[PDB]
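**Q** Contents are compact mmCIF, N, CA, C and O atoms and all ligand atoms; file name final_25.txt:
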# COMPACT_ATOMS: atom_id res chain seq x y z
N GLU Y 2 0.84 -1.24 0.00
CA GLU Y 2 0.00 0.00 0.00
C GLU Y 2 0.86 1.26 0.00
O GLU Y 2 2.08 1.19 0.06
N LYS Y 3 0.20 2.42 -0.07
CA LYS Y 3 0.88 3.70 -0.09
C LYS Y 3 1.50 4.02 1.27
O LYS Y 3 1.02 3.55 2.31
N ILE Y 4 2.56 4.83 1.26
CA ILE Y 4 3.26 5.20 2.48
C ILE Y 4 2.34 5.87 3.50
O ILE Y 4 2.55 5.75 4.70
N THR Y 5 1.33 6.57 3.00
CA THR Y 5 0.38 7.26 3.85
C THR Y 5 -0.23 6.31 4.88
O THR Y 5 -0.63 6.72 5.97
N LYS Y 6 -0.30 5.03 4.52
CA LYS Y 6 -0.85 4.01 5.41
C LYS Y 6 -0.18 4.01 6.78
O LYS Y 6 -0.80 3.66 7.78
N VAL Y 7 1.09 4.41 6.83
CA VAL Y 7 1.83 4.42 8.09
C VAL Y 7 1.25 5.38 9.14
O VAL Y 7 1.68 5.37 10.29
N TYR Y 8 0.28 6.20 8.73
CA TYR Y 8 -0.35 7.15 9.66
C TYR Y 8 -1.39 6.44 10.53
O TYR Y 8 -1.71 6.91 11.62
N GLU Y 9 -1.91 5.31 10.04
CA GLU Y 9 -2.93 4.57 10.78
C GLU Y 9 -2.47 3.27 11.44
O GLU Y 9 -3.30 2.47 11.89
N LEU Y 10 -1.16 3.05 11.50
CA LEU Y 10 -0.63 1.84 12.13
C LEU Y 10 -0.57 2.04 13.64
O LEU Y 10 -0.33 1.10 14.39
N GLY Y 11 -0.81 3.28 14.07
CA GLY Y 11 -0.78 3.59 15.48
C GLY Y 11 -1.66 4.77 15.84
O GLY Y 11 -2.23 5.42 14.97
N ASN Y 12 -1.76 5.05 17.14
CA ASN Y 12 -2.58 6.15 17.65
C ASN Y 12 -1.74 7.22 18.34
O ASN Y 12 -2.26 8.25 18.77
N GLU Y 13 -0.43 6.98 18.45
CA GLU Y 13 0.47 7.92 19.10
C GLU Y 13 0.26 9.34 18.58
O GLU Y 13 0.02 9.56 17.39
N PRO Y 14 0.34 10.34 19.48
CA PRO Y 14 0.16 11.75 19.13
C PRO Y 14 1.24 12.27 18.17
O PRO Y 14 0.95 13.01 17.23
N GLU Y 15 2.47 11.87 18.43
CA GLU Y 15 3.63 12.29 17.65
C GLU Y 15 3.90 11.53 16.35
O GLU Y 15 4.88 11.81 15.66
N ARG Y 16 3.03 10.58 16.00
CA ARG Y 16 3.23 9.80 14.79
C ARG Y 16 3.21 10.64 13.51
O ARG Y 16 4.17 10.64 12.75
N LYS Y 17 2.12 11.36 13.30
CA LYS Y 17 1.96 12.18 12.11
C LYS Y 17 3.16 13.11 11.86
O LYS Y 17 3.67 13.17 10.75
N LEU Y 18 3.60 13.80 12.90
CA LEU Y 18 4.72 14.73 12.76
C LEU Y 18 6.03 14.02 12.46
O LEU Y 18 6.82 14.49 11.64
N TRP Y 19 6.27 12.89 13.12
CA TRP Y 19 7.49 12.15 12.86
C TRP Y 19 7.48 11.69 11.41
O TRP Y 19 8.47 11.82 10.69
N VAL Y 20 6.34 11.15 10.98
CA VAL Y 20 6.22 10.66 9.61
C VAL Y 20 6.49 11.75 8.58
O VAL Y 20 7.31 11.57 7.69
N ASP Y 21 5.83 12.89 8.71
CA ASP Y 21 6.06 13.94 7.72
C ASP Y 21 7.47 14.47 7.78
O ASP Y 21 8.06 14.85 6.78
N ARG Y 22 8.02 14.48 8.97
CA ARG Y 22 9.38 14.92 9.17
C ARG Y 22 10.30 13.88 8.45
O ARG Y 22 11.21 14.25 7.71
N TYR Y 23 10.01 12.60 8.63
CA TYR Y 23 10.78 11.53 8.00
C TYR Y 23 10.67 11.54 6.47
O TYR Y 23 11.67 11.45 5.75
N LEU Y 24 9.44 11.65 5.96
CA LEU Y 24 9.22 11.66 4.52
C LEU Y 24 9.89 12.86 3.86
O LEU Y 24 10.37 12.77 2.73
N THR Y 25 9.94 13.98 4.58
CA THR Y 25 10.57 15.20 4.08
C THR Y 25 12.08 14.99 3.97
O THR Y 25 12.74 15.45 3.03
N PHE Y 26 12.63 14.29 4.96
CA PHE Y 26 14.06 13.97 4.97
C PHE Y 26 14.39 13.05 3.78
O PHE Y 26 15.37 13.27 3.07
N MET Y 27 13.58 12.02 3.57
CA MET Y 27 13.84 11.09 2.47
C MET Y 27 13.77 11.80 1.11
O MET Y 27 14.57 11.52 0.21
N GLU Y 28 12.82 12.72 0.97
CA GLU Y 28 12.71 13.48 -0.26
C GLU Y 28 13.96 14.34 -0.40
O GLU Y 28 14.55 14.43 -1.47
N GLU Y 29 14.37 14.97 0.70
CA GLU Y 29 15.54 15.84 0.69
C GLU Y 29 16.82 15.16 0.24
O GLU Y 29 17.63 15.76 -0.46
N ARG Y 30 17.01 13.90 0.63
CA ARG Y 30 18.23 13.19 0.24
C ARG Y 30 18.13 12.47 -1.10
O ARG Y 30 19.06 11.79 -1.51
N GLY Y 31 16.99 12.62 -1.77
CA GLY Y 31 16.81 12.00 -3.07
C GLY Y 31 16.21 10.61 -3.09
O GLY Y 31 16.20 9.97 -4.15
N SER Y 32 15.72 10.13 -1.95
CA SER Y 32 15.12 8.80 -1.91
C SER Y 32 13.71 8.81 -1.33
O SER Y 32 13.43 8.18 -0.31
N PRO Y 33 12.79 9.52 -2.00
CA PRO Y 33 11.41 9.61 -1.54
C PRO Y 33 10.78 8.24 -1.34
O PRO Y 33 11.05 7.30 -2.08
N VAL Y 34 9.94 8.13 -0.31
CA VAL Y 34 9.25 6.89 0.01
C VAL Y 34 7.79 7.02 -0.39
O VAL Y 34 7.04 7.79 0.22
N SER Y 35 7.37 6.29 -1.41
CA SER Y 35 5.98 6.37 -1.86
C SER Y 35 5.14 5.18 -1.39
O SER Y 35 3.94 5.32 -1.15
N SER Y 36 5.79 4.03 -1.24
CA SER Y 36 5.12 2.81 -0.80
C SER Y 36 5.48 2.48 0.64
O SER Y 36 6.62 2.68 1.06
N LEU Y 37 4.51 1.98 1.39
CA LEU Y 37 4.74 1.60 2.78
C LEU Y 37 5.64 0.38 2.76
O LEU Y 37 5.34 -0.61 2.07
N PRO Y 38 6.77 0.43 3.48
CA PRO Y 38 7.70 -0.70 3.52
C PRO Y 38 7.05 -1.96 4.07
O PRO Y 38 6.03 -1.90 4.75
N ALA Y 39 7.64 -3.10 3.77
CA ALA Y 39 7.11 -4.36 4.24
C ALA Y 39 8.22 -5.37 4.47
O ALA Y 39 9.29 -5.30 3.85
N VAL Y 40 7.96 -6.30 5.38
CA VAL Y 40 8.91 -7.37 5.67
C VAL Y 40 8.17 -8.59 5.18
O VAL Y 40 7.26 -9.09 5.85
N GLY Y 41 8.54 -9.06 4.00
CA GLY Y 41 7.88 -10.20 3.41
C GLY Y 41 6.54 -9.72 2.86
O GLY Y 41 6.49 -9.01 1.86
N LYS Y 42 5.47 -10.10 3.54
CA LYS Y 42 4.12 -9.70 3.14
C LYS Y 42 3.55 -8.67 4.11
O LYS Y 42 2.75 -7.82 3.72
N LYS Y 43 3.96 -8.76 5.37
CA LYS Y 43 3.47 -7.87 6.41
C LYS Y 43 3.96 -6.41 6.35
O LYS Y 43 5.14 -6.15 6.09
N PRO Y 44 3.05 -5.46 6.60
CA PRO Y 44 3.30 -4.01 6.60
C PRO Y 44 4.28 -3.66 7.72
O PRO Y 44 4.16 -4.17 8.82
N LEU Y 45 5.22 -2.77 7.43
CA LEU Y 45 6.20 -2.39 8.43
C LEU Y 45 5.96 -0.99 8.98
O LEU Y 45 6.05 0.00 8.25
N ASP Y 46 5.66 -0.91 10.27
CA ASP Y 46 5.43 0.37 10.94
C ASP Y 46 6.79 1.03 11.19
O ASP Y 46 7.44 0.75 12.21
N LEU Y 47 7.22 1.89 10.26
CA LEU Y 47 8.50 2.57 10.38
C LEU Y 47 8.62 3.47 11.61
O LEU Y 47 9.70 3.63 12.16
N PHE Y 48 7.50 4.07 12.04
CA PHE Y 48 7.53 4.94 13.22
C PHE Y 48 7.88 4.18 14.49
O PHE Y 48 8.81 4.54 15.23
N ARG Y 49 7.13 3.12 14.77
CA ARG Y 49 7.37 2.33 15.95
C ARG Y 49 8.75 1.68 15.86
O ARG Y 49 9.47 1.59 16.85
N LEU Y 50 9.12 1.24 14.66
CA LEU Y 50 10.44 0.63 14.48
C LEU Y 50 11.53 1.62 14.86
O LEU Y 50 12.48 1.29 15.58
N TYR Y 51 11.40 2.85 14.38
CA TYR Y 51 12.39 3.88 14.69
C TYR Y 51 12.50 4.17 16.18
O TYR Y 51 13.60 4.25 16.74
N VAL Y 52 11.35 4.35 16.82
CA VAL Y 52 11.30 4.67 18.25
C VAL Y 52 11.90 3.58 19.13
O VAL Y 52 12.67 3.87 20.04
N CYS Y 53 11.55 2.33 18.85
CA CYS Y 53 12.07 1.23 19.64
C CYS Y 53 13.55 0.95 19.38
O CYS Y 53 14.27 0.56 20.30
N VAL Y 54 14.02 1.14 18.15
CA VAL Y 54 15.44 0.93 17.89
C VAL Y 54 16.18 2.03 18.67
O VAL Y 54 17.26 1.80 19.22
N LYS Y 55 15.58 3.21 18.73
CA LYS Y 55 16.18 4.33 19.44
C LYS Y 55 16.20 4.01 20.94
O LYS Y 55 17.17 4.34 21.63
N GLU Y 56 15.15 3.38 21.45
CA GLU Y 56 15.10 3.01 22.86
C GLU Y 56 16.27 2.08 23.15
O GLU Y 56 16.99 2.24 24.13
N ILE Y 57 16.46 1.10 22.27
CA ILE Y 57 17.56 0.15 22.42
C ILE Y 57 18.92 0.83 22.27
O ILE Y 57 19.90 0.40 22.86
N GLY Y 58 18.99 1.91 21.49
CA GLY Y 58 20.25 2.61 21.33
C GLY Y 58 20.80 2.74 19.92
O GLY Y 58 21.94 3.14 19.73
N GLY Y 59 19.98 2.39 18.92
CA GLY Y 59 20.41 2.49 17.54
C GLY Y 59 20.83 1.17 16.91
O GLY Y 59 20.93 0.15 17.58
N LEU Y 60 21.06 1.21 15.61
CA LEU Y 60 21.45 0.03 14.86
C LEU Y 60 22.54 -0.84 15.53
O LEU Y 60 22.34 -2.04 15.71
N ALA Y 61 23.68 -0.24 15.87
CA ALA Y 61 24.78 -0.97 16.50
C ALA Y 61 24.34 -1.69 17.78
O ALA Y 61 24.73 -2.83 18.03
N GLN Y 62 23.52 -1.02 18.59
CA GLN Y 62 23.04 -1.63 19.83
C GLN Y 62 22.04 -2.77 19.58
O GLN Y 62 22.06 -3.79 20.28
N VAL Y 63 21.16 -2.61 18.59
CA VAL Y 63 20.20 -3.67 18.28
C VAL Y 63 21.00 -4.90 17.83
O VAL Y 63 20.65 -6.03 18.17
N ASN Y 64 22.06 -4.68 17.05
CA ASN Y 64 22.93 -5.78 16.59
C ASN Y 64 23.60 -6.45 17.79
O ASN Y 64 23.53 -7.66 17.97
N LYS Y 65 24.28 -5.63 18.59
CA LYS Y 65 24.98 -6.11 19.77
C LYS Y 65 24.08 -6.91 20.71
O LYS Y 65 24.47 -7.96 21.21
N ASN Y 66 22.87 -6.41 20.93
CA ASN Y 66 21.93 -7.08 21.83
C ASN Y 66 21.05 -8.15 21.17
O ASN Y 66 20.18 -8.72 21.82
N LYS Y 67 21.29 -8.41 19.88
CA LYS Y 67 20.54 -9.41 19.12
C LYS Y 67 19.04 -9.26 19.34
O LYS Y 67 18.34 -10.22 19.68
N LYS Y 68 18.54 -8.05 19.11
CA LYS Y 68 17.13 -7.76 19.32
C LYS Y 68 16.26 -7.74 18.07
O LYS Y 68 15.06 -7.47 18.17
N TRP Y 69 16.84 -8.03 16.91
CA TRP Y 69 16.06 -8.00 15.68
C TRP Y 69 14.86 -8.94 15.64
O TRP Y 69 13.81 -8.58 15.11
N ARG Y 70 15.00 -10.12 16.23
CA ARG Y 70 13.90 -11.08 16.24
C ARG Y 70 12.78 -10.60 17.16
O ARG Y 70 11.59 -10.73 16.84
N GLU Y 71 13.15 -10.05 18.31
CA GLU Y 71 12.15 -9.53 19.24
C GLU Y 71 11.38 -8.37 18.61
O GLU Y 71 10.16 -8.29 18.74
N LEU Y 72 12.09 -7.48 17.92
CA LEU Y 72 11.45 -6.32 17.27
C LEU Y 72 10.51 -6.78 16.15
O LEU Y 72 9.41 -6.27 16.02
N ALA Y 73 10.97 -7.74 15.35
CA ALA Y 73 10.14 -8.27 14.25
C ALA Y 73 8.86 -8.84 14.85
O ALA Y 73 7.76 -8.67 14.31
N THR Y 74 9.01 -9.51 15.98
CA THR Y 74 7.89 -10.09 16.68
C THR Y 74 6.95 -8.98 17.15
O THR Y 74 5.74 -9.04 16.94
N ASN Y 75 7.51 -7.96 17.80
CA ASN Y 75 6.71 -6.85 18.30
C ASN Y 75 6.01 -6.07 17.19
O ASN Y 75 4.93 -5.52 17.40
N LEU Y 76 6.63 -6.01 16.02
CA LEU Y 76 6.06 -5.27 14.89
C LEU Y 76 5.16 -6.15 14.03
O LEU Y 76 4.58 -5.69 13.04
N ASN Y 77 5.04 -7.42 14.40
CA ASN Y 77 4.21 -8.38 13.67
C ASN Y 77 4.60 -8.53 12.20
O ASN Y 77 3.76 -8.43 11.32
N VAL Y 78 5.88 -8.77 11.96
CA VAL Y 78 6.37 -8.96 10.60
C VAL Y 78 7.19 -10.25 10.55
O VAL Y 78 8.11 -10.38 9.75
N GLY Y 79 6.84 -11.20 11.41
CA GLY Y 79 7.55 -12.47 11.44
C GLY Y 79 8.29 -12.71 12.74
O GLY Y 79 8.65 -11.77 13.46
N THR Y 80 8.51 -13.98 13.06
CA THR Y 80 9.21 -14.34 14.29
C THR Y 80 10.45 -15.18 14.00
O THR Y 80 11.17 -15.56 14.92
N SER Y 81 10.69 -15.47 12.73
CA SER Y 81 11.84 -16.27 12.32
C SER Y 81 13.12 -15.45 12.25
O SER Y 81 13.09 -14.22 12.36
N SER Y 82 14.25 -16.13 12.08
CA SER Y 82 15.54 -15.46 11.96
C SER Y 82 15.56 -14.77 10.61
O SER Y 82 16.24 -13.76 10.41
N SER Y 83 14.80 -15.33 9.67
CA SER Y 83 14.68 -14.80 8.32
C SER Y 83 13.96 -13.45 8.39
O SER Y 83 14.34 -12.49 7.72
N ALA Y 84 12.91 -13.39 9.21
CA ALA Y 84 12.15 -12.16 9.40
C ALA Y 84 13.06 -11.12 10.07
O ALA Y 84 13.04 -9.95 9.71
N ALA Y 85 13.84 -11.56 11.06
CA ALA Y 85 14.75 -10.68 11.78
C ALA Y 85 15.82 -10.09 10.85
O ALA Y 85 16.13 -8.90 10.93
N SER Y 86 16.38 -10.93 9.97
CA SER Y 86 17.40 -10.47 9.03
C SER Y 86 16.82 -9.47 8.07
O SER Y 86 17.45 -8.47 7.74
N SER Y 87 15.61 -9.74 7.59
CA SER Y 87 14.94 -8.83 6.67
C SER Y 87 14.64 -7.51 7.34
O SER Y 87 14.79 -6.46 6.73
N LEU Y 88 14.18 -7.56 8.60
CA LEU Y 88 13.86 -6.33 9.33
C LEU Y 88 15.11 -5.46 9.46
O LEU Y 88 15.05 -4.25 9.27
N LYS Y 89 16.25 -6.08 9.77
CA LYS Y 89 17.50 -5.34 9.92
C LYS Y 89 17.84 -4.65 8.61
O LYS Y 89 18.33 -3.51 8.59
N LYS Y 90 17.60 -5.34 7.50
CA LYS Y 90 17.90 -4.78 6.19
C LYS Y 90 17.01 -3.57 5.91
O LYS Y 90 17.48 -2.55 5.41
N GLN Y 91 15.73 -3.71 6.22
CA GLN Y 91 14.77 -2.62 6.01
C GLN Y 91 15.12 -1.43 6.91
O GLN Y 91 15.00 -0.28 6.49
N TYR Y 92 15.56 -1.70 8.13
CA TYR Y 92 15.93 -0.59 9.02
C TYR Y 92 17.07 0.19 8.38
O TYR Y 92 17.06 1.42 8.31
N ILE Y 93 18.06 -0.55 7.89
CA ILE Y 93 19.21 0.08 7.29
C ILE Y 93 18.83 0.90 6.07
O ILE Y 93 19.26 2.05 5.94
N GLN Y 94 18.00 0.33 5.20
CA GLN Y 94 17.58 1.03 3.98
C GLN Y 94 16.65 2.22 4.20
O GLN Y 94 16.75 3.23 3.51
N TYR Y 95 15.75 2.10 5.16
CA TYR Y 95 14.80 3.18 5.40
C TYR Y 95 15.10 4.15 6.52
O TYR Y 95 14.74 5.32 6.41
N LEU Y 96 15.74 3.68 7.58
CA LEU Y 96 15.97 4.53 8.75
C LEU Y 96 17.38 4.86 9.20
O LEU Y 96 17.58 5.88 9.86
N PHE Y 97 18.38 4.05 8.85
CA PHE Y 97 19.72 4.36 9.34
C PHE Y 97 20.27 5.73 8.96
O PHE Y 97 20.90 6.40 9.80
N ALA Y 98 20.09 6.16 7.72
CA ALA Y 98 20.59 7.47 7.34
C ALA Y 98 19.96 8.55 8.24
O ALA Y 98 20.63 9.49 8.65
N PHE Y 99 18.67 8.40 8.55
CA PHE Y 99 17.95 9.35 9.41
C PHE Y 99 18.55 9.31 10.83
O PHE Y 99 18.83 10.36 11.41
N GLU Y 100 18.76 8.11 11.36
CA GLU Y 100 19.36 7.93 12.70
C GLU Y 100 20.73 8.64 12.73
O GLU Y 100 21.03 9.41 13.65
N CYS Y 101 21.55 8.35 11.72
CA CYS Y 101 22.90 8.91 11.58
C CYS Y 101 22.88 10.45 11.51
O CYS Y 101 23.62 11.12 12.25
N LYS Y 102 22.04 11.01 10.64
CA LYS Y 102 21.93 12.46 10.50
C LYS Y 102 21.48 13.14 11.79
O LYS Y 102 21.99 14.20 12.14
N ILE Y 103 20.52 12.54 12.48
CA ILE Y 103 20.01 13.11 13.72
C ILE Y 103 21.07 13.03 14.83
O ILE Y 103 21.29 14.01 15.55
N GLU Y 104 21.72 11.88 14.95
CA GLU Y 104 22.75 11.66 15.96
C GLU Y 104 23.89 12.67 15.79
O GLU Y 104 24.43 13.18 16.77
N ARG Y 105 24.24 12.95 14.55
CA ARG Y 105 25.31 13.89 14.25
C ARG Y 105 24.86 15.33 14.43
O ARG Y 105 25.64 16.27 14.29
N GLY Y 106 23.58 15.51 14.74
CA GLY Y 106 23.05 16.85 14.95
C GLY Y 106 22.73 17.65 13.69
O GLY Y 106 22.35 18.82 13.78
N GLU Y 107 22.86 17.02 12.52
CA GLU Y 107 22.57 17.71 11.26
C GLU Y 107 21.06 17.89 11.08
O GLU Y 107 20.61 18.93 10.60
N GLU Y 108 20.29 16.88 11.47
CA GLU Y 108 18.84 16.97 11.40
C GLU Y 108 18.36 17.08 12.82
O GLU Y 108 18.72 16.25 13.66
N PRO Y 109 17.59 18.12 13.14
CA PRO Y 109 17.11 18.22 14.52
C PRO Y 109 16.17 17.05 14.79
O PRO Y 109 15.44 16.61 13.90
N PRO Y 110 16.18 16.51 16.01
CA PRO Y 110 15.30 15.38 16.32
C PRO Y 110 13.81 15.69 16.19
O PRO Y 110 13.35 16.78 16.53
N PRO Y 111 13.03 14.72 15.68
CA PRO Y 111 11.58 14.88 15.51
C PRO Y 111 10.89 15.35 16.79
O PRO Y 111 10.22 16.41 16.73
CL CL N 201 14.22 18.15 6.29
CL CL N 202 7.32 3.19 22.13
CL CL N 203 7.74 3.51 25.86
ZN ZN N 204 2.65 17.21 7.80
ZN ZN N 205 16.47 17.96 6.36
ZN ZN N 206 9.90 0.07 22.36
ZN ZN N 207 8.43 2.51 23.93
For the structure just supplied, provide its representation as structure tokens.
**A**
Amino acid sequence: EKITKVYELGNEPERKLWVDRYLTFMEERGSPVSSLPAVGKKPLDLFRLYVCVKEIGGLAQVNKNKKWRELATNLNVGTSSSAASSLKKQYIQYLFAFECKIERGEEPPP
């Protein structure tokens, strides 16, 4: 489905703003997101994924703590190691540049 779908994957107050802030960043770097990402067949909630990876401490920390399977489970995109590997790939492709830019202070945090 369309990326707009990510607005209804949750009820959080800050979802809409984070999403538009995120989509604006992707457009800015030349990689606009038009379709809602997915892990296999299941829809991927990029907002919740971003927030929880941030809770854990970022990509390197999720790797170190081997939390990809737990996150995939929490996001309902599979419980297998295959689902976990795919989720890590999607995080890298859709969110790591954003994590990196924000951490470096170039992009103010959402
Ligand atoms: Cl921006
Ligand atoms: Cl949360
Ligand atoms: Cl929380
Ligand atoms: Zn907006
Ligand atoms: Zn920007
Ligand atoms: Zn969390
Ligand atoms: Zn949380």
**Q** Taking 3 positions as the minimum chain separation for residues in the same chain, which residues sit within 6 Å of residue 33 in chain Y when counting all atoms listed in the file? Answer as a list in words.
**A** residues 24, 27 and 28 of chain Y
**Q** One number please: CA of residue 16 in chain Y to CA of residue 81 in chain Y, in Å, one decimal.
**A** 27.6 Å
**Q** Between CA of residue 40 in chain Y and atom N of residue 53 in chain Y, measure the distance and give it in Å to one decimal.
**A**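 For CA of residue 40 in chain Y relative to atom N of residue 53 in chain Y, the distance reads 16.6 Å.
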**Q** Show me which residues sit within 12 Å of ligand CL 203 (chain N) when counting only C-alpha atoms and all ligand atoms, and put them as a PyMOL selection string.
**A** chain Y and resi 13+49+52-57
**Q** Please determine, counting all atoms listed in the file, which residue among Y:109, Y:32, Y:63, Y:82 has the shortest atom-to-atom distance to residue 94 in chain Y.
**A** Y:32
**Q** Y:50, Y:34, Y:60, Y:103: which is nearest ligand CL 202 (chain N), counting all atoms listed in the file?
**A**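 Of the candidates, the smallest distance to ligand CL 202 (chain N) is held by Y:50.
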**Q** To one decimal place, how far is atom O of residue 10 in chain Y from atom C of residue 30 in chain Y in Å?
**A**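 These two atoms are separated by 26.6 Å.
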**Q** Have a look at Y:11, Y:77, Y:101, Y:21 and name the one nearest to residue 42 in chain Y; count only N, CA, C and O atoms.
**A**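 Of Y:11, Y:77, Y:101, Y:21, the one nearest residue 42 in chain Y is Y:77, counting only N, CA, C and O atoms.
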**Q** Looking at only N, CA, C and O atoms, which of Y:41, Y:106, Y:59, Y:111 is the one that sits closest to residue 84 in chain Y?
**A**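 Under the stated criterion, the closest residue is Y:41.
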**Q** Show me which residues are within 7 Å of ligand ZN 204 (chain N) counting all atoms listed in the file, and format the list as a ChimeraX atom specification.
**A** /Y:17-18,20-22
**Q** Give me every alpha helix (DSSP H) residue in chain Y, going by DSSP on the backbone, as a ChimeraX atom specification.
**A** /Y:16-29,47-57,60-65,69-75,82-92,98-104
**Q** Residues of chain Y classed as strand (DSSP E) by DSSP on the backbone are to be reported as number ranges by chain.
**A** Y: 39-40, 43-44
**Q** Which neighbours of residue 69 in chain Y fall inside 7 Å, counting only N, CA, C and O atoms, when residues of the same chain fewer than 4 positions from it are skipped, and could you give them as an MDAnalysis selection string?
**A** chainID Y and resid 63:64 73:75 79 81 84:86 88:89
**Q** Ranking Y:107, Y:80, Y:43, Y:68 by minimum distance to ligand CL 201 (chain N) and counting all atoms listed in the file, which one comes first?
**A**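 The closest residue to ligand CL 201 (chain N) is Y:107.
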**Q** Hey, which of Y:46, Y:9, Y:2, Y:15 ends up closest to residue 78 in chain Y? Count only C-alpha atoms.
**A**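 Comparing Y:46, Y:9, Y:2, Y:15 against residue 78 in chain Y, the winner is Y:46.
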**Q** Could you put an axis-aligned box around every listed atom of range 26-44 of chain Y, padded by 8 Å on each side, and send me its centre and edge lengths in Å to one decimal, as lines of an AutoDock Vina configuration file?
**A**
center_x = 10.9
center_y = 2.8
center_z = 2.3
size_x = 32.3
size_y = 42.0
size_z = 29.0
**Q** Produce as a ChimeraX atom specification the set of residues near ligand CL 201 (chain N), where near means within 8 Å with only C-alpha atoms and all ligand atoms considered.
**A** /Y:22-23,25-26,29,108
